[PDB]
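Just below is one structure, and these are the notes that go with it.
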Amino acid sequence: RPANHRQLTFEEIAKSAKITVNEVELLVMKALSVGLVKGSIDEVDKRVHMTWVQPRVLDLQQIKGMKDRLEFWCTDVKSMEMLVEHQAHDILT
Amino acid sequence: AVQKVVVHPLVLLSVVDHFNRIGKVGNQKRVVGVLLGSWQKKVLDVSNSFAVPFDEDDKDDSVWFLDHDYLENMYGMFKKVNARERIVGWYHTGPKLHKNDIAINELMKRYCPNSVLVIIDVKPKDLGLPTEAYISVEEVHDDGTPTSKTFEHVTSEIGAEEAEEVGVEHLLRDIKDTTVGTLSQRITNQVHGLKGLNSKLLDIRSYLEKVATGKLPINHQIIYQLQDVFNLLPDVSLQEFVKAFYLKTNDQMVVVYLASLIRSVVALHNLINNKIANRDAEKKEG
Amino acid sequence: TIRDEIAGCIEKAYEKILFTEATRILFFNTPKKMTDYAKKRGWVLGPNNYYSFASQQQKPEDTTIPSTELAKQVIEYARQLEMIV
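Residue numbers (the UniProt record's numbering), protein chains in the order written: chain A, 284 to 376; chain B, 5 to 290; chain C, 266 to 350.
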């Protein structure tokens, strides 16, 4: 999942891991004990909140997404910086 | 380890004049010299520097020369005139570092325990901050590399001293737009955006370049690691990051009411004084 | 200009309305103008009821048009405080 709206509920964990309801908490707190997740837990919905992902080996689509999103950030920073510079340039002088 | 190194202007000018020393032979020669300083703290101090003979030819390009005896007798001179001063490392011109730039440190580790280097640029086309400094450590890898002995950068700047203040601040006489206040930082405010842009341009150029050449260079450890560090911290969320903006309103609040109240009153009071001394000298003049 | 006045003010908090009162106010008892309103407009012709859909704004991204209009305004404050000639 692309790391933006990624707060996971109990269901997809218990569907992938195919373990029952009262074991997914052990499952996530084991990874929290190890440190290959850095999130937190609400349990009114059993939403395990995600503030983490593992650094993974760069594949070809990962190469392309890297360059594309990196350029996406770069041109936005440039286009806003140019407007700041030009808007307040002549008072610098 | 090292907190940061503090470079003074004297050593940088002592590199520029050294390039002027060897600028007449011209043919193929980088600038290389020896650094002097003082291990103050975890922070590092730099006071003086001087030359060294060094050359490097084309065929079998690992031909390099460090005169020990020059170092011995001239360090004897500098230790003879100043006992506070002792060696801390070395430097060279640094377009970048090439492959042979480990053997110099691996020679003079028997002089300084942590022989630190300084990479400068005599050509100020660098719109970044010059006087880069590395230090060599070991990072022995998960792939079972025996010993990777890699230089790593510790940050650097230009420090201050009372006499060199007199020197530098008299040698400029050139530019002063600061009037230090709300606008001594805005030139550097253009600089921070533009010099994030230059570094990011190096980033995108490197990313495009690793796919083409280096055969599969891509950094293999610190690409995915620090790339996911990048991909773990652009917070653009909208739940209470929107709700920092009544604290932004509070930031506006204080300065708005300080300005609106006191600025007008002070300027008005000065108008009072001006118009009193205007009309009361007008009735005496005319 | 009253026909499109009801067709303008329909989109407000008429969260559900029975059809024959809209027949009274709009005009035309069982017309093809009910097809005109229920199709050219929204207000889905369901069982005896023009149904109200929902739309939101969220104020999500902006957060930035606040941030850039404040960039404009405080560049202006700093610009007028800045002046010197």
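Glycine included, every Cβ here is placed at the ideal spot set by N, Cα and C.
Strand pairing of residue i, partner residues [DSSP]
i             : result
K153/B        : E142/B
residue 242/A : No answer is possible for residue 242/A: it lies beyond the span of chain A, which begins at 284 and ends at 376.
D49/B         : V10/B and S42/B
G37/B         : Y95/B
residue 247/C : Since the first and last residues shown for chain C are 266 and 350, residue 247/C lies out of range.
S160/B        : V9/B
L310/C        : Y315/C
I123/B        : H96/B and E136/B
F23/B         : For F23/B, which the question treats as bridged, DSSP gives no partner whatsoever.
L291/A        : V331/A
Beta carbon of residue i nearer than 8 Å to that of residue j
i      : j      : result
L133/B : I108/B : no
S160/B : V11/B  : yes
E364/A : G197/B : yes
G93/B  : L75/B  : no
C357/A : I222/B : no
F23/B  : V15/B  : no
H332/A : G318/A : no
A371/A : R306/C : no
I324/A : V304/A : no
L40/B  : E89/B  : yes
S320/C : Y279/C : no
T154/B : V144/B : no
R267/B : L375/A : no
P325/C : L242/B : yes
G37/B  : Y95/B  : yes
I139/B : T97/B  : no
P13/B  : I106/B : no
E308/A : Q194/B : no
Supposed close pair residue i, residue j - CB separation, criterion 8 Å
i      : j      : result
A137/B : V56/B  : About 18 Å separates the two Cβ atoms, so there is no contact after all.
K350/A : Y211/B : 5 Å
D59/B  : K33/B  : 7 Å
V6/B   : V158/B : 5 Å
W68/B  : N104/B : 6 Å
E347/C : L187/B : 6 Å
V360/A : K204/B : 7 Å
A314/A : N235/B : That belief does not hold up - the Cβ atoms of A314/A and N235/B are roughly 19 Å apart, past 8 Å.
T328/C : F245/B : 7 Å
DSSP three-state assignment for residue i, whether helix, strand or coil
i      : result
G148/B : coil
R88/B  : coil
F54/B  : strand
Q322/C : coil
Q32/B  : coil
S210/B : helix
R190/B : helix
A272/C : helix
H102/B : coil
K219/B : coil
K297/C : coil
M348/C : coil
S18/B  : helix
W68/B  : coil
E244/B : coil
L341/A : coil
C116/B : coil
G200/B : helix
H174/B : helix
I374/A : helix
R284/A : coil
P128/B : coil
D181/B : coil
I266/B : helix
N278/B : helix
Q225/B : coil
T288/C : helix
Chain E contact for residue i (CB, 8 Å cutoff)
i     : result
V35/B : The chain inventory of the structure shown lacks chain E, comprising the protein chains A, B and C.
(message) So, does the stretch 242 to 251 of chain B touch the stretch 328 to 340 of chain C, judging by three or more C-beta pairs under 8 Å?
(response) Taking 8 Å as the limit for Cβ pairs, the verdict is that the stretch 328 to 340 of chain C does touch the stretch 242 to 251 of chain B.
(message) Does the contact criterion of 3 or more C-beta pairs under 8 Å hold for the stretch 306 to 315 of chain C versus the stretch 277 to 287 of chain C?
(response) By the C-beta criterion, the stretch 306 to 315 of chain C is judged to be in contact with the stretch 277 to 287 of chain C, since at least 3 inter-stretch pairs fall below 8 Å.
(request) Evaluate the contact criterion for the stretch 177 to 189 of chain B versus the stretch 316 to 330 of chain A: three or more CB pairs, one atom per stretch, below 8 Å. (result) A contact between stretches requires three or more CB pairs, one per stretch, nearer than 8 Å, and the stretch 177 to 189 of chain B fails this requirement with the stretch 316 to 330 of chain A.
(request) Give a yes or no on contact between the stretch 223 to 240 of chain B and the stretch 334 to 351 of chain A, applying the rule of three or more CB pairs nearer than 8 Å. (result) Contact between the stretch 223 to 240 of chain B and the stretch 334 to 351 of chain A is present: three or more C-beta pairs spanning the two stretches fall below 8 Å.
(message) Does the structure place the stretch 332 to 341 of chain A close enough to the stretch 296 to 303 of chain A that three or more beta carbon pairs sit under 8 Å?
(response) Cβ pair count under 8 Å is below three, so no.
(request) Mind the definition here: the stretch 278 to 286 of chain B touches the stretch 287 to 305 of chain C only if three or more C-beta pairs lie below 8 Å; say whether that holds. (result) By the Cβ criterion, the stretch 278 to 286 of chain B is not in contact with the stretch 287 to 305 of chain C, since fewer than three pairs of Cβ atoms, one from each stretch, lie closer than 8 Å.
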